[PDB]
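Novice: I'd like to ask some things about the structure below.
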Amino acid sequence: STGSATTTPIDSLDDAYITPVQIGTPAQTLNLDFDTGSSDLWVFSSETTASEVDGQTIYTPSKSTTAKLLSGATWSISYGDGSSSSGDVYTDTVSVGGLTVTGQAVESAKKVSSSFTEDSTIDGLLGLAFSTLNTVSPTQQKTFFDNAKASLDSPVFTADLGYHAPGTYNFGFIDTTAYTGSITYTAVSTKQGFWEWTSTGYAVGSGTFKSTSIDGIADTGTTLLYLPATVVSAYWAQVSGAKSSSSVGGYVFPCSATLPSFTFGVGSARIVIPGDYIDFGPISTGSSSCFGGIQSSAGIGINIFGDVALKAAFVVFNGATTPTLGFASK
Ligand SMILES: O=C(Cc1cn2ccccc2n1)Nc1ccccc1
């Protein structure tokens with residue numbers, strides 16, 4: 001089997017992407033944030049604290065003839081932006097772009113943090129990291145991908161995120177019309193539960209490539225590109241007037257600037273992030289100070305190849321027995 005779904009930026013900045021997901025019988029369609037940085041499928045629901053819901057579409061398991069409460073099971077998660085949620089668990093039928101999993105753990109939120117409430121466009125998360133990170137207790141649950149894996153034509157999914165435009169998530173096949181050149185594959189460590197790999201280096205604009213090992217994760221649930229401070233400093237030094245602002249909480253730059261590109265290495269291959277992809281707009285409405293899309297990972301404890309990096313590529317998440325990651329230009 002296969003599936004294919006369009007993923008759509010939630011706003012003009014591409015702060016995140018949403019993908020429609022069918023849950024239950026008859027289908028209830030919710031727009032979820034596909035997150036290769038986490039391993040829980042969770043939704044706003046009829047169980048969510050009333051005051052914590054503001055515009056989201058909710059899953060109502062009582063209206064689904066295939067929902068079953070997973071007895072005694074609970075879940076609780078936190079993300080890198082400091083947001084969190086928690087609740088109980090149902091099993092139900094979940095379909096993504098024509099690919100159906102029966103018996104999928106659907107984590108029903110009872111509680112969500114303010115950032116989730118405040119974003120009306122995201123109806124929950126669909127985690128695509130390794131199931132070892134799944135938070136359900138006392139019986140850990142598998143991800144959608146893990147459950148669909150053996151049924152897929154090939155045990156893979158691909159992320160093709162657009163810049164200020166819709167993209168695609170495919171399951172079980174690689175669309176060879178969706179990228180240019182070849183896909184370069186690279187080793188993955190699953191020891192922290194993430195799609196963790198090692199970039200071979202970087203370049204700033206038309207500058208010389210610096211060969212250096214940069215360990216980090218491929219994370220569709222993180223908007224920006226978080227890299228070591230040395231790297232980030234080298235980038236922003238090429239932007240007149242750019243500065244790290246402790247008050248704003250990262251590098252800012254004059255909105256009048258034209259930003260240089262940023263290149264990252266994948267083995268001997270190179271992925272080029274255009275300058276405009278690194279512009280995240282005014283720090284506040286009407287401001288002429290803009291927020292940068294490359295930021296320091298100092299203090300995170302891990303480097304993160306977020307949407308700013310992944311959207312410049314066609315990315316293969318190869319869930320073979322030994323997982324790997326593939327990157328192609330497009
Ligand atoms: O936390 C993540 C993945 C992530 C961040 N998110 C923010 C909002 C909504 C979804 C979401 N997913 N990645 C990460 C961050 C820090 C350290 C390790 C992994």
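Labels for the structure tokens follow display order: chains A, B, ..., residues from 1 in each chain, ligands from 1.
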If you run DSSP on the backbone here, which positions in range 17-197 of chain A get alpha helix (DSSP H)? Please write them as a PDB file with C-alpha atoms, in the first residue's frame.

Specialist:
ATOM      1  CA  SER A 114      -1.307  27.909  25.806  1.00  0.00           C
ATOM      2  CA  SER A 115       0.705  27.855  22.581  1.00  0.00           C
ATOM      3  CA  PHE A 116      -1.491  25.059  21.238  1.00  0.00           C
ATOM      4  CA  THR A 117      -4.721  26.746  22.269  1.00  0.00           C
ATOM      5  CA  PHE A 144       1.331   5.589  12.486  1.00  0.00           C
ATOM      6  CA  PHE A 145       4.389   4.860  10.348  1.00  0.00           C
ATOM      7  CA  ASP A 146       5.433   1.961  12.537  1.00  0.00           C
ATOM      8  CA  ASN A 147       1.933   0.474  12.308  1.00  0.00           C
ATOM      9  CA  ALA A 148       1.724   0.944   8.527  1.00  0.00           C
TER      10      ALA A 148
END

Novice: Name all residues at most 12 Å from residue 323 in chain A (count only C-alpha atoms; drop same-chain ones fewer than 5 positions away) and give them as a CSV table (one decimal) with N, CA and C atoms, in the first residue's frame.

Specialist:
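Output saved as selection28.csv:
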chain,number,residue,atom,x,y,z
A,129,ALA,N,8.9,10.3,14.6
A,129,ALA,CA,10.1,9.8,15.2
A,129,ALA,C,10.0,8.3,15.6
A,130,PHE,N,10.9,7.7,16.3
A,130,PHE,CA,10.9,6.3,16.6
A,130,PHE,C,10.0,6.0,17.8
A,155,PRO,N,9.3,0.5,3.1
A,155,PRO,CA,9.2,1.0,4.5
A,155,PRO,C,9.7,2.4,4.6
A,156,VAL,N,9.1,3.4,3.9
A,156,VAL,CA,9.7,4.7,3.9
A,156,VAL,C,8.6,5.7,3.9
A,157,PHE,N,8.9,6.9,4.3
A,157,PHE,CA,8.0,8.1,4.0
A,157,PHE,C,9.0,9.2,3.6
A,185,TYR,N,22.0,9.4,0.6
A,185,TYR,CA,21.7,8.7,1.9
A,185,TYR,C,22.8,8.9,2.9
A,186,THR,N,22.4,8.9,4.2
A,186,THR,CA,23.3,9.2,5.3
A,186,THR,C,22.9,8.4,6.5
A,187,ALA,N,23.8,8.0,7.4
A,187,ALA,CA,23.6,7.1,8.5
A,187,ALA,C,22.7,7.8,9.6
A,188,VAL,N,21.9,7.0,10.3
A,188,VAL,CA,21.0,7.5,11.3
A,188,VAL,C,21.4,6.7,12.6
A,189,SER,N,21.5,7.5,13.7
A,189,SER,CA,21.5,7.0,15.0
A,189,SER,C,20.1,7.0,15.7
A,190,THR,N,19.6,5.9,16.1
A,190,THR,CA,18.3,5.9,16.7
A,190,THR,C,18.3,5.9,18.2
A,191,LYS,N,19.5,6.0,18.8
A,191,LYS,CA,19.8,6.0,20.2
A,191,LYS,C,19.0,7.0,21.1
A,193,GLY,N,16.1,8.2,19.9
A,193,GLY,CA,14.8,8.1,19.4
A,193,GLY,C,14.5,9.0,18.3
A,194,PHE,N,15.4,9.8,17.8
A,194,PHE,CA,15.2,10.7,16.7
A,194,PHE,C,15.9,10.3,15.4
A,195,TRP,N,15.6,10.9,14.2
A,195,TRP,CA,16.2,10.8,13.0
A,195,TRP,C,17.5,11.6,13.1
A,196,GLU,N,18.5,11.1,13.8
A,196,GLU,CA,19.7,11.8,14.1
A,196,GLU,C,20.8,11.4,13.2
A,197,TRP,N,21.4,12.4,12.6
A,197,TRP,CA,22.5,12.2,11.5
A,197,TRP,C,23.6,13.2,11.7
A,316,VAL,N,14.0,11.8,2.5
A,316,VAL,CA,13.5,10.4,2.6
A,316,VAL,C,13.8,9.9,4.0
A,317,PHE,N,12.8,9.5,4.7
A,317,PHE,CA,12.9,8.9,6.0
A,317,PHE,C,12.8,7.4,5.8
A,318,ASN,N,13.9,6.7,5.7
A,318,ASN,CA,14.0,5.3,5.4
A,318,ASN,C,13.9,4.4,6.7

Novice: One decimal, in Å: what's the spacing between CA of residue 176 in chain A and CA of residue 37 in chain A?

Specialist: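 CA of residue 176 in chain A sits 25.1 Å away from CA of residue 37 in chain A.
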
Novice: Expressed in Å to a single decimal, how great is the separation between CA of residue 267 in chain A and CA of residue 184 in chain A?

Specialist: 7.2 Å

Novice: Determine the nearest neighbour of ligand 1 from the options A:287, A:66, A:60, A:223, counting only C-alpha atoms and all ligand atoms.

Specialist: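 Ranking A:287, A:66, A:60, A:223 by distance to ligand 1, first place goes to A:223.
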
Novice: Would you pick out the contacts of residue 178 in chain A at 10 Å or less, using only C-alpha atoms, so that residues sharing its chain but fewer than 3 positions from it are not included, and give the list as a list in words?

Specialist: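 Once the adjacent positions are removed, what remains is residues 160, 168, 174, 175, 313, 314, 328, 329 and 330 of chain A.
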
Novice: Residues of the last selection are to be written out with N, CA and C atoms, as a PDB file, in the first residue's frame.

Specialist:
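Written output follows (selection.pdb):
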ATOM      1  N   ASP A 160       8.341  16.604   1.651  1.00  0.00           N
ATOM      2  CA  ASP A 160       8.593  17.579   0.597  1.00  0.00           C
ATOM      3  C   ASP A 160       7.856  18.858   0.929  1.00  0.00           C
ATOM      4  N   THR A 168       4.101  17.980   0.104  1.00  0.00           N
ATOM      5  CA  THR A 168       3.622  16.608   0.114  1.00  0.00           C
ATOM      6  C   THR A 168       4.324  15.718   1.128  1.00  0.00           C
ATOM      7  N   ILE A 174       8.757   6.431  -3.209  1.00  0.00           N
ATOM      8  CA  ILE A 174       9.561   7.629  -3.479  1.00  0.00           C
ATOM      9  C   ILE A 174       9.138   8.136  -4.848  1.00  0.00           C
ATOM     10  N   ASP A 175       8.615   9.354  -4.869  1.00  0.00           N
ATOM     11  CA  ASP A 175       8.206  10.004  -6.094  1.00  0.00           C
ATOM     12  C   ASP A 175       9.426  10.570  -6.827  1.00  0.00           C
ATOM     13  N   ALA A 313      14.843  20.748   0.630  1.00  0.00           N
ATOM     14  CA  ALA A 313      15.144  19.409   0.107  1.00  0.00           C
ATOM     15  C   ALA A 313      13.930  18.522  -0.025  1.00  0.00           C
ATOM     16  N   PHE A 314      14.138  17.436  -0.789  1.00  0.00           N
ATOM     17  CA  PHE A 314      13.265  16.266  -0.742  1.00  0.00           C
ATOM     18  C   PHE A 314      13.905  15.280   0.231  1.00  0.00           C
ATOM     19  N   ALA A 328      17.749  15.065  -1.279  1.00  0.00           N
ATOM     20  CA  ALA A 328      17.909  15.510  -2.645  1.00  0.00           C
ATOM     21  C   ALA A 328      17.513  16.979  -2.768  1.00  0.00           C
ATOM     22  N   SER A 329      18.197  17.684  -3.673  1.00  0.00           N
ATOM     23  CA  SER A 329      17.719  18.997  -4.072  1.00  0.00           C
ATOM     24  C   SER A 329      16.427  18.877  -4.890  1.00  0.00           C
ATOM     25  N   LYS A 330      15.725  19.967  -5.115  1.00  0.00           N
ATOM     26  CA  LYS A 330      14.454  19.994  -5.827  1.00  0.00           C
ATOM     27  C   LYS A 330      14.148  21.364  -6.421  1.00  0.00           C
TER      28      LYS A 330
END

Novice: Please extract the residues at most 9 Å from ligand 1, counting only C-alpha atoms and all ligand atoms, and provide them as a VMD selection string, using the chain letters and residue numbers of this document.

Specialist: chain A and resid 16 33 to 38 78 to 84 115 to 116 122 124 to 125 127 194 217 to 223 300 to 304 306

Novice: To one decimal place, how far is CA of residue 276 in chain A from CA of residue 260 in chain A in Å?

Specialist: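 These atoms are spaced 8.0 Å apart.
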
Novice: For residue 9 in chain A, which residue out of A:252, A:32, A:225, A:232 is the nearest one, using only C-alpha atoms?

Specialist: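 The shortest atom-to-atom distance to residue 9 in chain A comes from A:32.
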
Novice: Given only C-alpha atoms as the basis, pick out the residue of A:282, A:228, A:250, A:162 nearest to residue 10 in chain A.

Specialist: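 Smallest separation from residue 10 in chain A among the options: A:162.
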
Novice: Given only C-alpha atoms as the basis, pick out the residue of A:214, A:291, A:179, A:261 nearest to residue 161 in chain A.

Specialist: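 Checking each candidate against residue 161 in chain A, we get A:179 as the closest.
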
Novice: Give me the residues near residue 151 in chain A as number ranges by chain, where near means some atom within 12 Å (using only C-alpha atoms) and where sequence neighbours in that chain fewer than 6 positions away do not count.

Specialist: A: 1-3, 99-102, 144-145, 171-173

Novice: Those selected residues, please, written with N, CA and C atoms and delivered as a PDB file, in the first residue's frame.

Specialist:
ATOM      1  N   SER A   1       0.806  -1.230   0.000  1.00  0.00           N
ATOM      2  CA  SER A   1       0.000   0.000   0.000  1.00  0.00           C
ATOM      3  C   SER A   1       0.840   1.283   0.000  1.00  0.00           C
ATOM      4  N   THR A   2       0.174   2.399  -0.299  1.00  0.00           N
ATOM      5  CA  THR A   2       0.824   3.694  -0.255  1.00  0.00           C
ATOM      6  C   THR A   2      -0.168   4.742   0.254  1.00  0.00           C
ATOM      7  N   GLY A   3       0.336   5.910   0.592  1.00  0.00           N
ATOM      8  CA  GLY A   3      -0.496   7.074   0.859  1.00  0.00           C
ATOM      9  C   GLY A   3       0.222   8.326   0.359  1.00  0.00           C
ATOM     10  N   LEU A  99      -3.997   5.865   2.830  1.00  0.00           N
ATOM     11  CA  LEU A  99      -3.319   4.787   3.551  1.00  0.00           C
ATOM     12  C   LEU A  99      -3.986   4.664   4.915  1.00  0.00           C
ATOM     13  N   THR A 100      -4.514   3.496   5.221  1.00  0.00           N
ATOM     14  CA  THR A 100      -5.259   3.211   6.421  1.00  0.00           C
ATOM     15  C   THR A 100      -4.566   2.237   7.381  1.00  0.00           C
ATOM     16  N   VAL A 101      -4.562   2.629   8.648  1.00  0.00           N
ATOM     17  CA  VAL A 101      -4.120   1.843   9.780  1.00  0.00           C
ATOM     18  C   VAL A 101      -5.308   1.619  10.704  1.00  0.00           C
ATOM     19  N   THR A 102      -5.610   0.352  10.960  1.00  0.00           N
ATOM     20  CA  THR A 102      -6.632   0.078  11.977  1.00  0.00           C
ATOM     21  C   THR A 102      -5.959  -0.096  13.329  1.00  0.00           C
ATOM     22  N   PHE A 144       2.068   5.879  13.710  1.00  0.00           N
ATOM     23  CA  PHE A 144       1.331   5.589  12.486  1.00  0.00           C
ATOM     24  C   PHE A 144       2.235   4.894  11.492  1.00  0.00           C
ATOM     25  N   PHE A 145       3.449   5.437  11.316  1.00  0.00           N
ATOM     26  CA  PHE A 145       4.389   4.860  10.348  1.00  0.00           C
ATOM     27  C   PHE A 145       4.784   3.462  10.767  1.00  0.00           C
ATOM     28  N   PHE A 171       3.866   8.142   1.804  1.00  0.00           N
ATOM     29  CA  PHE A 171       4.131   6.924   2.536  1.00  0.00           C
ATOM     30  C   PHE A 171       4.239   5.734   1.568  1.00  0.00           C
ATOM     31  N   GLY A 172       5.359   5.045   1.708  1.00  0.00           N
ATOM     32  CA  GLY A 172       5.524   3.769   1.052  1.00  0.00           C
ATOM     33  C   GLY A 172       6.117   3.824  -0.327  1.00  0.00           C
ATOM     34  N   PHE A 173       6.427   4.994  -0.878  1.00  0.00           N
ATOM     35  CA  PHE A 173       7.039   5.105  -2.189  1.00  0.00           C
ATOM     36  C   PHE A 173       7.812   6.421  -2.284  1.00  0.00           C
TER      37      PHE A 173
END

Novice: Hey, which of A:74, A:49, A:212, A:91 ends up closest to residue 25 in chain A? Count only C-alpha atoms.

Specialist: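 Smallest distance to residue 25 in chain A is found for A:91.
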
Novice: Have a look at A:159, A:281, A:22, A:264 and name the one nearest to residue 293 in chain A; count only C-alpha atoms.

Specialist: A:281

Novice: If you run DSSP on this backbone, which residues of range 18-222 of chain A come out as strand (DSSP E), and could you give them as a compact mmCIF listing (two decimals) with N, CA and C atoms, in the first residue's frame?

Specialist:
# COMPACT_ATOMS: atom_id res chain seq x y z
N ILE A 18 0.40 21.82 8.05
CA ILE A 18 -0.69 20.93 8.46
C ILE A 18 -1.13 20.00 7.33
N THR A 19 -1.45 18.78 7.72
CA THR A 19 -1.81 17.72 6.79
C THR A 19 -3.13 17.11 7.19
N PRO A 20 -4.12 16.95 6.32
CA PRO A 20 -5.40 16.39 6.78
C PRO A 20 -5.27 14.89 7.04
N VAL A 21 -5.90 14.49 8.15
CA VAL A 21 -5.89 13.10 8.59
C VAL A 21 -7.32 12.65 8.89
N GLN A 22 -7.72 11.50 8.37
CA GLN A 22 -9.05 10.98 8.67
C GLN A 22 -8.97 10.06 9.90
N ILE A 23 -9.78 10.31 10.92
CA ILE A 23 -9.83 9.47 12.12
C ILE A 23 -11.25 8.97 12.36
N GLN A 28 -13.62 11.55 10.63
CA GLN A 28 -13.48 12.88 11.21
C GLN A 28 -12.12 13.38 10.74
N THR A 29 -12.12 14.47 9.98
CA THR A 29 -10.90 14.98 9.39
C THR A 29 -10.33 16.10 10.26
N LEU A 30 -9.11 15.87 10.71
CA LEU A 30 -8.38 16.84 11.49
C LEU A 30 -7.07 17.18 10.76
N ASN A 31 -6.67 18.44 10.88
CA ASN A 31 -5.40 18.91 10.30
C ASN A 31 -4.28 18.81 11.32
N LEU A 32 -3.39 17.83 11.09
CA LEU A 32 -2.31 17.57 12.07
C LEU A 32 -0.94 18.03 11.58
N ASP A 33 -0.09 18.30 12.56
CA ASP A 33 1.31 18.69 12.36
C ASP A 33 2.14 17.42 12.38
N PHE A 34 2.58 16.99 11.22
CA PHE A 34 3.43 15.80 11.07
C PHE A 34 4.83 16.12 11.59
N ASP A 35 5.27 15.40 12.61
CA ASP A 35 6.42 15.78 13.42
C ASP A 35 7.45 14.65 13.50
N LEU A 41 0.78 10.50 18.34
CA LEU A 41 -0.34 11.00 17.53
C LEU A 41 -1.36 11.46 18.56
N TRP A 42 -1.52 12.78 18.65
CA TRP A 42 -2.46 13.30 19.63
C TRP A 42 -3.33 14.37 18.98
N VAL A 43 -4.55 14.48 19.50
CA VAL A 43 -5.52 15.39 18.89
C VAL A 43 -6.29 16.16 19.95
N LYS A 68 -12.11 2.60 20.35
CA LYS A 68 -12.11 1.81 21.58
C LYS A 68 -11.22 2.50 22.60
N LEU A 69 -11.72 2.72 23.81
CA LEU A 69 -10.82 3.24 24.85
C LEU A 69 -9.73 2.23 25.16
N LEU A 70 -8.48 2.70 25.18
CA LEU A 70 -7.35 1.86 25.60
C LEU A 70 -7.25 1.96 27.12
N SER A 71 -7.76 0.92 27.76
CA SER A 71 -7.96 0.95 29.18
C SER A 71 -6.72 1.24 30.00
N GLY A 72 -6.81 2.25 30.85
CA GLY A 72 -5.74 2.60 31.77
C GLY A 72 -4.59 3.37 31.19
N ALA A 73 -4.71 3.66 29.88
CA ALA A 73 -3.55 4.30 29.24
C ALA A 73 -3.61 5.81 29.30
N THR A 74 -2.47 6.43 29.59
CA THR A 74 -2.35 7.88 29.59
C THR A 74 -1.09 8.30 28.84
N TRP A 75 -0.98 9.59 28.56
CA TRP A 75 0.19 10.12 27.88
C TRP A 75 0.44 11.57 28.29
N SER A 76 1.67 12.02 28.07
CA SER A 76 2.07 13.34 28.55
C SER A 76 3.37 13.71 27.84
N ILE A 77 3.39 14.84 27.17
CA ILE A 77 4.54 15.16 26.33
C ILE A 77 4.90 16.63 26.48
N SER A 78 6.17 16.95 26.25
CA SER A 78 6.66 18.32 26.17
C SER A 78 7.54 18.52 24.94
N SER A 84 3.36 21.74 25.79
CA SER A 84 3.04 20.41 26.31
C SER A 84 1.59 20.05 26.15
N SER A 85 1.25 18.77 26.30
CA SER A 85 -0.13 18.33 26.38
C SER A 85 -0.18 16.93 26.98
N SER A 86 -1.39 16.48 27.29
CA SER A 86 -1.58 15.21 27.98
C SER A 86 -3.03 14.78 27.93
N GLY A 87 -3.26 13.48 28.13
CA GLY A 87 -4.61 12.94 28.16
C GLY A 87 -4.69 11.44 28.23
N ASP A 88 -5.73 10.93 27.56
CA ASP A 88 -5.95 9.48 27.55
C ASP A 88 -5.88 8.96 26.13
N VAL A 89 -6.15 7.67 25.93
CA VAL A 89 -5.84 7.07 24.64
C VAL A 89 -7.00 6.22 24.15
N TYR A 90 -7.34 6.35 22.88
CA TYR A 90 -8.22 5.46 22.18
C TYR A 90 -7.46 4.71 21.10
N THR A 91 -7.98 3.57 20.66
CA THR A 91 -7.49 3.04 19.37
C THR A 91 -8.57 3.31 18.33
N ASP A 92 -8.21 3.60 17.09
CA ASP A 92 -9.23 3.92 16.08
C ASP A 92 -8.54 3.78 14.71
N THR A 93 -9.38 3.88 13.70
CA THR A 93 -8.91 3.81 12.32
C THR A 93 -8.41 5.18 11.89
N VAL A 94 -7.19 5.19 11.36
CA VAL A 94 -6.53 6.44 10.99
C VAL A 94 -6.07 6.28 9.53
N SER A 95 -6.44 7.23 8.67
CA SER A 95 -6.03 7.23 7.29
C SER A 95 -5.36 8.56 6.91
N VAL A 96 -4.29 8.41 6.16
CA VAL A 96 -3.52 9.54 5.65
C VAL A 96 -3.39 9.37 4.15
N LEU A 99 -4.00 5.86 2.83
CA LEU A 99 -3.32 4.79 3.55
C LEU A 99 -3.99 4.66 4.92
N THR A 100 -4.51 3.50 5.22
CA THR A 100 -5.26 3.21 6.42
C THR A 100 -4.57 2.24 7.38
N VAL A 101 -4.56 2.63 8.65
CA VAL A 101 -4.12 1.84 9.78
C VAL A 101 -5.31 1.62 10.70
N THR A 102 -5.61 0.35 10.96
CA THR A 102 -6.63 0.08 11.98
C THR A 102 -5.96 -0.10 13.33
N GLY A 103 -6.62 0.24 14.43
CA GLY A 103 -6.03 -0.03 15.75
C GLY A 103 -4.93 0.96 16.11
N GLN A 104 -4.87 2.11 15.43
CA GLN A 104 -3.87 3.12 15.76
C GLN A 104 -4.18 3.79 17.09
N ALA A 105 -3.16 3.97 17.93
CA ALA A 105 -3.35 4.74 19.16
C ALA A 105 -3.57 6.21 18.82
N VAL A 106 -4.74 6.69 19.17
CA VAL A 106 -5.09 8.10 19.03
C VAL A 106 -5.17 8.68 20.43
N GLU A 107 -4.20 9.54 20.70
CA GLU A 107 -4.08 10.13 22.03
C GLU A 107 -4.96 11.37 22.09
N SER A 108 -5.97 11.29 22.94
CA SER A 108 -6.97 12.33 23.12
C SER A 108 -6.49 13.34 24.15
N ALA A 109 -6.39 14.61 23.76
CA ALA A 109 -5.92 15.57 24.77
C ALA A 109 -6.98 15.95 25.79
N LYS A 110 -6.62 15.93 27.07
CA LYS A 110 -7.45 16.50 28.12
C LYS A 110 -6.97 17.91 28.46
N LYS A 111 -5.68 18.13 28.29
CA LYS A 111 -4.94 19.33 28.57
C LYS A 111 -3.97 19.66 27.43
N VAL A 112 -3.96 20.92 27.02
CA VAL A 112 -2.92 21.43 26.16
C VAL A 112 -2.38 22.75 26.72
N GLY A 124 -3.74 18.93 16.19
CA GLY A 124 -2.95 17.96 16.92
C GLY A 124 -1.68 17.64 16.16
N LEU A 125 -0.98 16.62 16.64
CA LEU A 125 0.30 16.16 16.12
C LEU A 125 0.23 14.71 15.69
N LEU A 126 0.98 14.40 14.63
CA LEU A 126 1.19 13.04 14.16
C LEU A 126 2.70 12.80 14.18
N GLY A 127 3.17 12.07 15.19
CA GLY A 127 4.60 11.86 15.39
C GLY A 127 5.18 10.81 14.48
N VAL A 156 9.14 3.35 3.90
CA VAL A 156 9.70 4.70 3.87
C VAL A 156 8.56 5.72 3.91
N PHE A 157 8.89 6.94 4.33
CA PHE A 157 8.05 8.08 4.02
C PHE A 157 8.95 9.24 3.59
N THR A 158 8.33 10.19 2.89
CA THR A 158 9.11 11.33 2.37
C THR A 158 8.41 12.62 2.76
N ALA A 159 9.26 13.60 3.02
CA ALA A 159 8.81 14.95 3.33
C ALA A 159 9.29 15.90 2.25
N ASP A 160 8.34 16.60 1.65
CA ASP A 160 8.59 17.58 0.60
C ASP A 160 7.86 18.86 0.93
N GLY A 167 3.17 21.47 0.04
CA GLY A 167 4.04 20.36 -0.24
C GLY A 167 3.31 19.03 -0.08
N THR A 168 4.10 17.98 0.10
CA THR A 168 3.62 16.61 0.11
C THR A 168 4.32 15.72 1.13
N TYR A 169 3.56 14.88 1.81
CA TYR A 169 4.04 13.74 2.57
C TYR A 169 3.57 12.47 1.83
N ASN A 170 4.50 11.64 1.40
CA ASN A 170 4.20 10.33 0.81
C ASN A 170 4.65 9.21 1.78
N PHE A 171 3.87 8.14 1.80
CA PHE A 171 4.13 6.92 2.54
C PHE A 171 4.24 5.73 1.57
N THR A 184 21.00 11.51 -1.79
CA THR A 184 22.16 11.09 -1.02
C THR A 184 21.71 10.60 0.34
N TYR A 185 22.01 9.36 0.64
CA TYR A 185 21.67 8.74 1.91
C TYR A 185 22.79 8.86 2.94
N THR A 186 22.40 8.95 4.19
CA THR A 186 23.33 9.16 5.31
C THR A 186 22.90 8.38 6.52
N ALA A 187 23.84 7.97 7.36
CA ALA A 187 23.56 7.12 8.50
C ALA A 187 22.73 7.84 9.58
N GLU A 196 18.48 11.08 13.83
CA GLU A 196 19.72 11.79 14.15
C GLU A 196 20.81 11.43 13.16
N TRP A 197 21.45 12.44 12.57
CA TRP A 197 22.45 12.19 11.53
C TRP A 197 23.58 13.20 11.70
N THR A 198 24.57 13.10 10.84
CA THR A 198 25.75 13.97 10.91
C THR A 198 26.00 14.67 9.60
N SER A 199 25.77 15.98 9.56
CA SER A 199 26.04 16.79 8.41
C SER A 199 27.56 16.93 8.24
N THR A 200 28.02 16.96 7.01
CA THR A 200 29.44 17.06 6.70
C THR A 200 29.99 18.47 6.66
N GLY A 201 29.21 19.51 6.96
CA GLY A 201 29.68 20.87 6.96
C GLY A 201 28.73 21.89 6.37
N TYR A 202 29.25 23.09 6.10
CA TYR A 202 28.42 24.20 5.65
C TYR A 202 29.18 25.25 4.87
N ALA A 203 28.39 26.09 4.19
CA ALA A 203 28.90 27.32 3.61
C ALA A 203 27.87 28.45 3.78
N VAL A 204 28.41 29.66 3.85
CA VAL A 204 27.61 30.88 3.94
C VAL A 204 27.63 31.59 2.60
N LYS A 210 33.04 24.68 4.57
CA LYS A 210 33.78 24.27 5.75
C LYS A 210 33.43 22.84 6.10
N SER A 211 34.43 21.95 5.96
CA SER A 211 34.20 20.55 6.30
C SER A 211 34.27 20.37 7.81
N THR A 212 33.14 19.98 8.38
CA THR A 212 33.06 19.80 9.82
C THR A 212 31.82 18.98 10.14
N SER A 213 31.99 18.01 11.02
CA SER A 213 30.88 17.16 11.45
C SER A 213 29.91 17.86 12.37
N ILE A 214 28.66 17.96 11.95
CA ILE A 214 27.58 18.55 12.74
C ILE A 214 26.45 17.54 12.96
N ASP A 215 26.43 16.98 14.15
CA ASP A 215 25.42 16.01 14.52
C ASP A 215 24.08 16.71 14.76
N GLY A 216 22.98 16.22 14.20
CA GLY A 216 21.72 16.86 14.60
C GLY A 216 20.54 16.04 14.11
N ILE A 217 19.33 16.54 14.35
CA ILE A 217 18.16 15.74 13.98
C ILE A 217 17.38 16.38 12.84
N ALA A 218 16.77 15.49 12.04
CA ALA A 218 15.85 15.92 10.99
C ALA A 218 14.45 16.03 11.58

Novice: Near residue 166 in chain A, counting only C-alpha atoms, which residues have an atom at most 7 Å away, once you skip same-chain residues fewer than 6 positions from it, shown as an NGL selection string?

Specialist: :A and (6-9)

Novice: Tell me which protein, DNA and RNA residues are within 12 Å of residue 284 in chain A, counting only C-alpha atoms, leaving out same-chain ones fewer than 4 positions away, and put them as a ChimeraX atom specification.

Specialist: /A:248,252,255,280,288-291
